[PDB]
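Peer 1:
6 protein chains.
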Amino acid sequence: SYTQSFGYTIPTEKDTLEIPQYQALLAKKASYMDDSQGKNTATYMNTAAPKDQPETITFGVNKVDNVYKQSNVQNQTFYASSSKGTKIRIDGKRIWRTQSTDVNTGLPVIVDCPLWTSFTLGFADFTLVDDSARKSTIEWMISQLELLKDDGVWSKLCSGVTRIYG
Amino acid sequence: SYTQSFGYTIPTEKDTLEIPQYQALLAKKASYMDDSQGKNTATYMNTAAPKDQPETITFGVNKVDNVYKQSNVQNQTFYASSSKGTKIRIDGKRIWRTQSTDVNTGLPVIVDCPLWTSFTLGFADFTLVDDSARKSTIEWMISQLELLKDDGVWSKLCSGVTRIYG
Amino acid sequence: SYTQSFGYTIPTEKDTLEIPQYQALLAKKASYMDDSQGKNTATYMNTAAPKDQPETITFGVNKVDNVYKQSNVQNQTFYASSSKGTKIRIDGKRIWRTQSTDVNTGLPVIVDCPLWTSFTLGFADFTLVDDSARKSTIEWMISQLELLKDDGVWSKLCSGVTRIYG
Amino acid sequence: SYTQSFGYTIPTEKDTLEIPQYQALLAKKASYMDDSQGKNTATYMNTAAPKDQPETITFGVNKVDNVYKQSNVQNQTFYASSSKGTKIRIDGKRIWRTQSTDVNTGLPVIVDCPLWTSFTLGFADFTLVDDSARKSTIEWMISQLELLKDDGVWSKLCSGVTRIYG
Amino acid sequence: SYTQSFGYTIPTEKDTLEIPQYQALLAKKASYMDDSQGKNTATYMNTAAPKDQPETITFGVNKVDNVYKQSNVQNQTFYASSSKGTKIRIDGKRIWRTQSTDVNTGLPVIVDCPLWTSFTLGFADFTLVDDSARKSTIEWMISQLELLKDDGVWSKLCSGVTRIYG
Amino acid sequence: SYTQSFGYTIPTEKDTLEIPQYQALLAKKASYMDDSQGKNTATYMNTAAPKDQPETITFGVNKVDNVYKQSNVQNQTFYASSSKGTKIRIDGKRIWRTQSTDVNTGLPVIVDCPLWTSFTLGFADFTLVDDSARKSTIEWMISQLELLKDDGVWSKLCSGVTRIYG
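Chains as they are written, first to last, in the entry's author numbering: chain AA, 1 to 166; chain AB, 1 to 166; chain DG, 1 to 166; chain DH, 1 to 166; chain AN, 1 to 166; chain AM, 1 to 166.
1) Can you find a C-beta in chain AN that's less than 8 Å from the C-beta of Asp131(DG)?
2) Residue ranges of each beta strand (DSSP E) run of no fewer than 3 residues wholly in the stretch 86-125 of chain DH, ordered along the chain?
3) Does any C-beta atom of chain AB lie closer than 8 Å to the C-beta of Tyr2(AN)?
4) Taking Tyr22(AN) and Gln144(AM) to be in contact with their CB atoms under 8 Å, please state how far apart those CB atoms are, rounded to whole angstroms.
5) Determine the contact status of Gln37(AM) and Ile95(AM), defining contact as a CB-CB distance below 8 Å.
6) Is it the case that the Cβ atoms of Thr162(DH) and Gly60(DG) are separated by a distance below 8 Å?
7) Give me the Cβ distance between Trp140(AB) and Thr117(AA), rounded to the nearest whole Å; I'm assuming they're in contact under 8 Å.
8) Work out the CA separation of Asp91(AB) and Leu17(AB) for me, nearest whole Å.
9) Taking the beta strand (DSSP E) that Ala133(AM) falls in, what are its first and last residues?
10) Just to confirm, is the Cβ distance from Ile10(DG) to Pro20(DH) under 8 Å?
11) Using beta carbons (cut-off 8 Å, strictly below), is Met141(AN) in contact with chain AM?
12) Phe123(AB) and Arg97(AA) look like a contact to me (Cβ under 8 Å); what is the Cβ gap, rounded to whole Å?
13) Could you compute how far the alpha carbon of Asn104(AB) sits from the alpha carbon of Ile142(AN)?
14) Check whether the Cβ atoms of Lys63(AB) and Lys84(AB) sit closer than 8 Å, and answer yes or no.
15) Among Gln99(AN), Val67(AN), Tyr8(AN), which residue has its Cα nearest to the Cα of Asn46(AM)?
16) What residues in its chain sit with their C-beta under 7 Å from that of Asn66(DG), if we drop five residues either side in the sequence?
17) Please report the distance separating the alpha-carbon of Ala80(AA) from that of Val111(AB).
18) Give the DSSP-derived three-state secondary structure of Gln53(AM) in the structure shown.
19) Name, going along the chain, the residues of the stretch 74-92 of chain AA whose beta-carbon falls closer than 8 Å to a beta-carbon of chain AN.
20) At the 8 Å Cβ level, is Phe119(AB) part of the contact set with chain DH, yes or no?
21) Using only the alpha-carbon positions, how far apart do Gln4(AA) and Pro108(AB) sit?
22) Beta-carbon of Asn104(AB) versus every beta-carbon of chain AM: anything under 8 Å?
23) At a CB-CB cut-off below 8 Å, which residues of chain DG make contact with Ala42(AB)?
24) Can you check which of these residues, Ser100(AN), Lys28(AN), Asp151(AN), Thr86(AN), is closest to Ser1(AM) by C-alpha distance?
25) How would you label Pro50(AN), buried or exposed, when you count the other beta carbons within 10 angstroms and need 16 or more for buried?
26) Leaving out five residues on either side along the sequence, give the residues of the same chain with a beta carbon under 7 Å from the beta carbon of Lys29(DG).
27) Just checking: is the beta-carbon of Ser100(AN) within a distance shorter than 8 Å of some beta-carbon in chain DH?
28) Who are the neighbours of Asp65(AN) on chain AA, taking C-beta pairs under 7 Å?
29) Does DSSP put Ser159(DH) in a helix, in a strand, or in coil?
30) Which residue comes first and which comes last in the alpha helix (DSSP H) that contains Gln23(AN)?
31) Report yes if the CB atom of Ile88(AN) is closer than 8 Å to the CB atom of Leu147(AM), and no otherwise.
32) Using the beta-carbon of each residue, which ones in chain AM are nearer than 9 Å to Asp125(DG)?
33) Less than 8 Å between CB atoms is the rule here; does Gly166(AM) satisfy it with respect to chain AB?
34) Using the Cα positions of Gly106(DH) and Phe78(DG), report the straight-line distance between them to the nearest angstrom.
35) Who are the neighbours of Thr47(AB) on chain AM, taking C-beta pairs under 8 Å?
36) Who are the neighbours of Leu107(AM) on chain AN, taking C-beta pairs under 8 Å?
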C-alpha cells in the first residue's frame with residue numbers, strides 16, 4: 001500500500017466561491033479564429049461581446065522536455081523514470097468599457113481600457129500524476145488568490161505588494 | 001450615469017466552487033526566501049510541507065509600458081496622458097509525492113514528480129479600472145476552467161486538446 | 001563635570017505646531033511591500049488611501065564610514081575616537097487628487113498630480129550622542145521650516161527663493 | 001464643486017509639537033556664505049554658534065523634468081502641456097560638542113561629534129497644487145516621525161530598525 | 001515494522017533550564033543587514049542594543065555532499081541510498097561592555113570586550129530523519145553543557161578542561 | 001563605579017526547556033578515546049550506545065590571539081589592554097539508526113544515517129568577563145533556537161529558511 005500526497009494533508013476547511021458562469025456563455029458563443037499565437041495554440045473569439053469590443057481567449061499546450069530542472073526536488077533518487085512533462089496555458093484578453101452619451105453632442109463618449117489574464121498548469125507526464133493531483137493544484141492556485149476577502153492577496157498584488165506574507 | 005461593462009451583462013447564473021483552504025494553511029506556515037527567482041519578486045517557502053518535499057510560491061508585480069499595443073481595441077477618442085498598466089503574477093511550484101515501503105526491506109521507496117501553476121492578471125492603470133473590473137476578470141478565468149465537470153476544459157487541455165471549443 | 005551643547009543654549013521660546021495625526025492613521029493601515037528601494041530599505045503601502053490612488057512610505061538606514069569628512073569641524077583634535085556614523089532616511093510618495101464629475105458624461109473627471117517628501121538624519125555613532133541631541137536636531141529642521149507663517153521659509157523655497165535670509 | 005484630497009480625509013486628531021524657536025535665532029544671526037556646496041543653492045552660516053563650532057544651513061531649489069515617472073499614479077486622462085515640477089531641499093549641518101576641563105591641567109578637553117539633517121519636498125508644478133496640498137504633506141512627514149513618543153518611529157530608525165511598521 | 005533509535009532509550013529524567021527570552025526581544029528588534037557572512041547566509045543586526053554597542057546574529061544553511069564520510073559509521077553497507085545531507089549554522093557576535101566615567105574628564109571611559117557563540121546541526125538529508133531525531137540531538141548538545149551546575153562542563157571548558165570525564 | 005552590560009537589560013520573561021538528561025547518562029558511560037580530533041582536543045566514546053552504533057562527543061579549547069579583530073566592535077579605543085581570548089568547542093557525532101528484518105532472510109536490514117552537532121563559545125580573556133556574562137551568552141544561543149514552538153527557528157533552518165525574521 002503506497003500513499004501519495006502533496007506533502008501535507010489536504011485542508012478539510014473549504015472556501016466557497018460563487019463564480020458567475022462566464023465559461024458557459026463563452027462556450028455557447030465562441031467562434032474559431034486564427035491559430036496565430038502558436039501552432040499548438042488555438043485562438044477563439046467570443047461572439048457575445050459586441051464587434052467593436054471583442055473578448056478573445058486563446059488555448060495552448062506545449063510539451064516540456066524535462067520537468068525536474070525547472071522544479072525543486074531535494075534528491076536525485078526521487079526522480080521518476082521519465083522527466084518528460086506537459087504544460088497547458090489559457091490566455092484571455094478582454095476589454096473594460098465605460099460609456100455614456102455627451103449632452104452637447106449626441107455622439108456617445110466611450111473609453112475602454114484593456115485587461116488580460118493567463119492561467120498555466122504544468123505537470124510531469126507519469127502514470128503517478130492523477131487528475132486528482134492536477135485538479136488539486138488548480139484549486140491550490142485559486143485558493144491562493146484569497147478572493148473571499150475584498151482587500152486580500154489579489155488586491156495587494158494589484159496595488160503593488162511584492163512581499164505579501166512578510 | 002455611465003454604463004460600464006465588459007461588453008455583455010455579467011451572467012446571473014453562478015457555478016459554485018468548493019475550494020479547499022490551501023491558502024490559509026500556506027499563509028500560516030509561509031516563510032520568506034531570498035528572491036533568487038526574480039529581480040522584482042518575492043519567493044516564499046511553505047513550512048507545512050515536509051522538509052525533503054518543499055512547496056514554494058513566488059509573487060511578482062511588474063508595470064507595463066504600453067497596455068494598448070498588445071490588446072485589440074478600436075483605438076479610441078479619449079486623451080490619455082500615459083497608457084501604462086500594472087501586471088501581477090503568481091507562480092507556484094509544488095511536488096506530488098508517491099511513497100511506499102519495499103516489502104523486501106523495510107526502508108521505504110519514494111517517487112515524487114513535480115507540478116507547477118502560474119496565474120497572471122494585467123490591467124491598464126486607469127481611474128476607471130475598478131475592483132469590480134479586475135476581480136470580475138479573475139473570476140472569468142476561473143470559470144473558463146470548467147472545474148465542475150470531471151471531463152472539462154481543464155482535463156481536455158491536460159489531455160492535449162488545443163481546439164477546446166471547436 | 002562636562003557640559004555638552006550644540007554651541008548655543010537651546011532657545012527658551014517655543015513655536016507650537018498643531019500637526020494632524022497622519023502617522024497614527026498610516027501606522028494602523030500600513031501594509032508591507034517589497035524592499036525595492038534598498039536592501040536596508042523597507043517600503044510600505046498605506047491601505048487607508050484608495051487602491052487607485054496609493055500613498056507609500058519607505059524607510060531606510062545606512063551606515064556611513066566617516067562622518068567627519070562630510071561635516072565641518074574646525075580642528076582635528078576634536079575628532080572622536082571613531083568617526084563611524086549612522087544615517088536614517090524616511091521617504092514618502094503621495095498623490096494630490098482633484099476630482100469632480102462631468103455634467104455631460106457621468107464619467108468622473110479626475111486629475112491627480114504627485115507630491116513627495118523626504119527626511120534624513122545622520123549622526124556619529126558615539127556614546128556622546130544622546131537621543132537628546134538627535135531629537136533636538138530633528139526639531140531644529142522642523143523649526144527651520146517656519147511653518148507658522150503662511151508666507152514663510154517653506155513657501156519661499158516652494159516659490160523658488162534660493163537665498164532665503166539674504 | 002470639486003473634492004480634492006490626498007485619498008483620505010485629513011485626520012481631525014492633532015498631535016501638538018512644542019518645538020524650540022531654533023529658526024528664529026538662526027534667522028537673526030544667519031550670515032551668507034559663498035555657495036561652494038551647490039551650483040544652484042545658497043549656504044548660510046549661523047553666527048550664534050561659537051566660532052570654533054560652526055553651524056550651517058543650505059537651501060536649494062531644483063526643477064524636475066518629469067514628475068510622473070518616479071511617482072506611482074494611474075496614468076490619467078487630462079491634458080498636460082508639460083509635466084514638470086519643483087523640488088525644494090534644506091540641508092543643515094550642526095555639531096554636538098561635549099566639553100570638560102582636565103582635572104590635572106586647567107586647559108579644557110573637547111570632543112565634538114557631527115550631526116546633520118536634510119528635508120526635501122518635491123511637488124508637480126500645476127495650478128491645482130495648493131499651499132493646502134504642499135503644507136499638508138510637510139506636516140505629513142513631521143507626523144510620520146512620531147516625535148511625541150520617546151520610543152518612537154524616529155528612535156527605531158536611529159537604532160537601526162528598517163521594517164518600522166511591520 | 002522498522003524500529004529506529006539513536007542507540008539508547010531517551011533518559012526519562014529531565015533537567016529544567018529557565019532561559020531568558022533573548023530570542024523574543026531579538027526577533028522583535030532584528031533588522032536585516034546585508035549578507036556579508038555568506039552566499040546562503042543572512043546576517044541580522046539587533047536594534048535593541050545601542051548603535052555603537054551592536055549585537056549581530058547571522059544564519060546559514062549549507063548542503064553537504066556526503067554526510068557519512070565526515071561522521072563515524074562502522075560498516076559501509078548501512079549507508080543510506082543518498083548521502084547528501086543538510087547542515088544549519090547559527091553564528092552570534094555580541095559585546096560585553098564595561099563603562100565608567102573618567103575622574104579627570106567627564107567623558108566616559110568605555111572598554112568593551114567581545115563574546116561570540118556558534119551553534120551547528122548537520123543531519124543526513126533522507127526520509128528516515130524526523131524532527132524527533134533533529135530536535136533530540138539539539139537537546140543533546142544543550143544538556144551536554146551541564147548548565148545547571150555552576151562549575152560544570154561549560155565552566156571547565158572555559159577554564160581549559162579538555163578531558164572532562166577522565 | 002563601573003557599569004557593565006551586554007547592551008540591553010536581560011529579559012525578565014523566561015522560556016522553560018525540559019531537556020532530557022542526555023549528559024548525565026553520557027557522563028556515567030563515557031570512555032576516553034584517544035584525542036584524534038585535535039592536539040588540545042579530547043574525544044570521548046559513549047559506551048551506553050551499542051558498539052557498532054557509536055556516539056562520540058569531543059571537547060576542545062583553543063586560545064585566539066586577537067578577539068577584537070574577528071568580532072565587530074565599532075571603535076578601536078575601547079579595545080581592552082590584551083586582546084588574547086579563549087575559545088571552547090563541543091563537537092558531537094551520533095547515529096540515527098533505522099533497522100528492520102529482511103523478509104527473505106532473517107538477517108536484519110539496518111540503515112543508519114548520521115547526525116552531528118557542534119557548540120562553540122569564544123570570549124575575550126580579560127578580567128572583566130564574568131561567568132555571569134558567559135553563561136548569559138550560552139543561554140542566548142539556546143533561546144535563539146526557539147525550541148518551544150515546533151515550526152520555529154530551528155525547523156526553518158533545517159528546512160532552509162536563511163532569512164528568518166525578514
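The beta carbon of each residue, even a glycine, is placed where N, CA and C say it ideally should be.
Peer 2: Taking the geometry as given:
1) no
2) Annotation: the stretch 86-125 of chain DH contains the following complete segments of the beta strand (DSSP E) (minimum length 3 residues), in chain order: 108-124.
3) yes
4) 7 Å
5) no
6) Going by C-beta atoms, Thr162(DH) is nearer than 8 Å to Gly60(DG).
7) 7 Å
8) 22 Å
9) Per DSSP, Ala133(AM) belongs to no beta strand (DSSP E); it is in the alpha helix (DSSP H), 131-144.
10) Result yes, Cβ atoms of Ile10(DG) and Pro20(DH) sit closer than 8 Å.
11) yes
12) Not confirmed; about 14 Å, so no contact.
13) 39 Å
14) Closer than 8 Å, so yes.
15) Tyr8(AN)
16) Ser83
17) 6 Å
18) Coil, per DSSP.
19) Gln74, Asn75, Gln76, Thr77
20) no
21) 13 Å
22) True, the Cβ-Cβ gap to chain AM drops below 8 Å.
23) Residues of chain DG passing the Cβ test: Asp34.
24) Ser100(AN)
25) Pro50(AN) comes out buried.
26) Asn46, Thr47, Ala48
27) For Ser100(AN), the closest Cβ of chain DH is not nearer than 8 Å.
28) Residues of chain AA passing the Cβ test: none, with the nearest at roughly 12 Å.
29) helix
30) 22-29
31) The Cβ-Cβ distance between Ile88(AN) and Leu147(AM) does not fall below 8 Å.
32) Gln74, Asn75
33) yes
34) Each residue's alpha carbon lies about 17 Å from the other.
35) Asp151, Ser155, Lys156, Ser159, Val161
36) The contacting residues do not exist; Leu107(AM) stays about 11 Å from chain AN at best.
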